[PDB]
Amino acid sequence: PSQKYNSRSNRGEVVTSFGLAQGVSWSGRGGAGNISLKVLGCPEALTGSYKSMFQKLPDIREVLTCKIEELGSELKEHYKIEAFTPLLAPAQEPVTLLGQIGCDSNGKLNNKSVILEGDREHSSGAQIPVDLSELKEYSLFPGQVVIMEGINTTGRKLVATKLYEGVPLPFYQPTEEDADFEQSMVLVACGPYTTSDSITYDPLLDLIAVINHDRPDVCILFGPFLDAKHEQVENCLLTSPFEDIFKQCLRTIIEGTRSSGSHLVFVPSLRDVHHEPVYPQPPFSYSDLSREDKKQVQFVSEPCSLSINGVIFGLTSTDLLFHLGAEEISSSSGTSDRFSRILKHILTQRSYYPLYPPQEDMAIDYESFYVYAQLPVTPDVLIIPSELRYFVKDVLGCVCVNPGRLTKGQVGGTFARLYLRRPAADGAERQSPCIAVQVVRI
């Protein structure tokens, strides 16, 4: 088993650095002082009080229309558009159309298959193909709400001449108290936590040692903890209930890190076999906690917008990057950074999962999605662990971190550490509270 992993020699290697990574001892004060963890949300009062337990198509339709209409209403105000024309109304003069990008087939989107599906309010949900030959720049993906300008003389095709750019949400405006927070160190890690050939969770034990040594203020651990895709889980070869193995994993971490004084924040994954398989997911259920542990452990949902010492964190365990990246089409020149484009889409579509339809096997309850998977504000930090290579990019003023997985196959993975401290109030506003980030090898 885990032979390869335990014999690794890269241990501790810093593979990526962001900010003033040097000038900070990657040590937290442990449990010391004021640590304020608040879960954020997007209120809502549009949804009815009688829900069925299996989605009705008319309900999904409703959520998708509102997605278009709601964002379109904001974009229209921002770009001072005067009027949206119905997609099927032919005109000789240029028109401004609002709709959702889509593909005309079940395949990958390409510069010839783009279609624009209109909102119900203006176009009764009609679709029209879009010609991109005259479009100089564009980045599109299925599900993307956009405002396009072009010529549609017959009413059966839009020759796009302009694609308005996405507009992000404002950042969280800190209160005065938030400026009174001391520096905090946050560790981030995502599963799997065991190599693909063993169930020894050696990487997990190593990560626990790290937490105790560095004693970070907060640890955000993303699932899977008991991976549904692990060979031994899938073949039902295990000799204990899934729920029990899961609790043990949690126990090991909660107990094994008691001395560090770090606050643990557990985020579920759609791959956690024992847990609800539909997205968005509710928090894990774990009651076996002392009253001390209860002040040290937190179970949040997936996705989750979390405030840590005034700093807003966008958290998702779902591989949105890999999913969106596989379906996006672009065109400019070639000096473009793919991931920055994808991250820009996440920050401009205001959702933790804008891709629609979703990757095939991602189950989404759209009515829940509407209520719990929207972005409340443009986060200060976005943690999007992916199968893609680890990285740390600043996109639209948001530090986006992909700490990668802790384990990749039979080889060791990586995790990440951030240093935070919200700066002094005045000056050209945006002063990222995130001072430095590092992606380290486990």
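Quick note: we count residues from 1 along the sequence shown, nothing fancier.
Higher mean CA temperature factor, per the PDB entry, when comparing 379-387 with 404-412: 404-412. When 132-140 is weighed against 169-177, 169-177 comes out higher, by mean CA B-factor as recorded in the entry. Which of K157, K80, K108, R271 has the largest Cα B-factor in the deposited entry comes down to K80. Highest C-alpha temperature factor among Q127, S240, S317, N152 per the entry: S240.
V39 sits in the middle third of its chain by CA B factor, as recorded in the PDB entry.
In the PDB entry, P224 places in the middle third of its chain by CA B-factor. In the PDB entry, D119 places in the lowest third of its chain by CA B-factor. When the modelled residues of the chain are ordered by C-alpha B-factor, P357 sits in the lowest third. In this PDB entry, the Cα temperature factor of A45 sits in the top third of its chain's modelled residues, the highest group.
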